[PDB]
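Written out below as structure tokens is the structure these notes cover.
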Amino acid sequence: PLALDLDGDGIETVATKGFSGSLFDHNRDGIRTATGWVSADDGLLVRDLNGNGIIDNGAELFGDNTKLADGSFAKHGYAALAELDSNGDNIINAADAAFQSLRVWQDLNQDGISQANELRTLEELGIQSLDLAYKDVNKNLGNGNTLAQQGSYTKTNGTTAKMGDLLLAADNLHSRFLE
Ligand SMILES: [Ca+2]
Ligand SMILES: [Ca+2]
Ligand SMILES: [Ca+2]
Ligand SMILES: [Ca+2]
């Protein structure tokens, strides 16, 4: 899923187990792989698709589960976001009508379970545009999380920062889906 470096030092991750994550009790079941998320400094790119103010469905977090205009699945979060360029300039910017509809999720306990205060606008974060151009990196960040591909986004002061499609850690019995 698409992650943004908000403070300007690259994308970074944390992990949860027991409460707020993968259950790992040997008595109940077994030890299981810890659930990974973005730092309390950074965030994920999202869109609320039913207007309930929160992220709770598998299409609402941009990644290899979002659908294209014909209803085919996107191959990665960049292909999922590229659908929202209106004019064919290969950037997502305020002249695209979807720019007003995009949000960033900063989860304040990093459980990846959404509350309305955890969502933010692009304009309040000072964002000018997101780039659709990328390069593959396959970079391990920590606790099983891996950045697959990386590009940029731009802030209204004219400065650039990193974004990319981040593979998030989970146990293979639940895969942390937005049920
Ligand atoms: Ca950062
Ligand atoms: Ca929703
Ligand atoms: Ca555009
Ligand atoms: Ca939360």
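Residues in the structure tokens are named by chain (A, B, ... in the order shown) and by number from 1 within that chain; ligands are numbered from 1 in the order shown.
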
For this session: Enumerate residues in contact with ligand 2: an atom-to-atom distance of at most 12 Å, counting only C-alpha atoms and all ligand atoms. Format the result as a list in words.
Result: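 Those residues are residues 46, 47, 48, 49, 50, 51, 52, 53, 54, 55, 56, 57, 58, 59, 60, 61, 103, 113, 114, 115, 116, 119, 178 and 179 of chain A.
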
Problem set entry | Residue neighbourhood residue 96 in chain A, 9 Å, only C-alpha atoms, exclusion window fewer than 6 positions, as a PyMOL selection string | chain A and resi 84-87

If you keep N, CA, C and O atoms, can you produce a file of those selected residues as an mmCIF file, in the first residue's frame?
data_model
loop_
_atom_site.group_PDB
_atom_site.id
_atom_site.type_symbol
_atom_site.label_atom_id
_atom_site.label_comp_id
_atom_site.auth_asym_id
_atom_site.auth_seq_id
_atom_site.Cartn_x
_atom_site.Cartn_y
_atom_site.Cartn_z
ATOM 1 N N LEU A 84 -6.522 8.152 -11.295
ATOM 2 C CA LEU A 84 -7.068 9.414 -10.817
ATOM 3 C C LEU A 84 -6.469 10.642 -11.489
ATOM 4 O O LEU A 84 -6.959 11.746 -11.266
ATOM 5 N N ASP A 85 -5.456 10.485 -12.354
ATOM 6 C CA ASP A 85 -4.980 11.551 -13.211
ATOM 7 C C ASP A 85 -6.024 11.869 -14.277
ATOM 8 O O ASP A 85 -6.417 10.990 -15.038
ATOM 9 N N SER A 86 -6.504 13.110 -14.330
ATOM 10 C CA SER A 86 -7.604 13.504 -15.201
ATOM 11 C C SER A 86 -7.161 13.849 -16.619
ATOM 12 O O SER A 86 -7.863 13.537 -17.577
ATOM 13 N N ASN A 87 -6.006 14.499 -16.770
ATOM 14 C CA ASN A 87 -5.555 15.150 -17.984
ATOM 15 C C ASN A 87 -4.376 14.494 -18.685
ATOM 16 O O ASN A 87 -4.096 14.878 -19.818
#

Exercise. Can I get the residues close to ligand 4 as number ranges by chain, where close means within 8 Å and we count only C-alpha atoms and all ligand atoms?
Worked result: A: 107-115, 118

Store the residues picked out above, limited to C-alpha atoms, as an mmCIF file, in the first residue's frame.
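Result file follows (again_3.cif):
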data_model
loop_
_atom_site.group_PDB
_atom_site.id
_atom_site.type_symbol
_atom_site.label_atom_id
_atom_site.label_comp_id
_atom_site.auth_asym_id
_atom_site.auth_seq_id
_atom_site.Cartn_x
_atom_site.Cartn_y
_atom_site.Cartn_z
ATOM 1 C CA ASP A 107 -2.861 6.006 12.688
ATOM 2 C CA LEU A 108 -2.153 7.256 16.224
ATOM 3 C CA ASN A 109 -1.747 3.810 17.839
ATOM 4 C CA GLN A 110 -0.597 2.049 14.616
ATOM 5 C CA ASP A 111 -3.182 -0.745 14.835
ATOM 6 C CA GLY A 112 -4.421 0.004 11.285
ATOM 7 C CA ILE A 113 -8.028 0.296 12.522
ATOM 8 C CA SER A 114 -9.437 3.654 11.467
ATOM 9 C CA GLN A 115 -10.875 6.568 13.457
ATOM 10 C CA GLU A 118 -6.569 9.826 11.988
#

Each residue of chain A with at least one atom at most 7 Å from ligand 1 should appear once, together with its nearest atom pair and the corresponding distance in Å (one decimal); atoms considered: only C-alpha atoms and all ligand atoms; ordering: chain, then increasing residue number; output as a Markdown table.
| residue | atom | partner | partner_atom_place_in_ligand_line | distance |
| --- | --- | --- | --- | --- |
| A:5 | CA | ligand 1 | 1 (Ca) | 4.6 |
| A:6 | CA | ligand 1 | 1 (Ca) | 5.7 |
| A:7 | CA | ligand 1 | 1 (Ca) | 5.2 |
| A:8 | CA | ligand 1 | 1 (Ca) | 5.7 |
| A:9 | CA | ligand 1 | 1 (Ca) | 4.8 |
| A:10 | CA | ligand 1 | 1 (Ca) | 4.7 |
| A:11 | CA | ligand 1 | 1 (Ca) | 4.8 |
| A:12 | CA | ligand 1 | 1 (Ca) | 5.8 |
| A:41 | CA | ligand 1 | 1 (Ca) | 5.7 |
| A:42 | CA | ligand 1 | 1 (Ca) | 5.3 |

Exercise. Using only C-alpha atoms and all ligand atoms, what are the residues with an atom within 12 Å of ligand 3, set out as a list in words?
Worked result: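 Checking only C-alpha atoms and all ligand atoms against ligand 3 at 12 Å gives residues 81, 82, 83, 84, 85, 86, 87, 88, 89, 90, 91, 92, 93, 94, 95, 96, 97, 98, 99, 128, 129, 130, 131 and 132 of chain A.
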
For this session: Could you check which of A:127, A:173, A:22, A:166 is closest to residue 102 in chain A, using only C-alpha atoms?
Result: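 Closest to residue 102 in chain A, using only C-alpha atoms: A:127.
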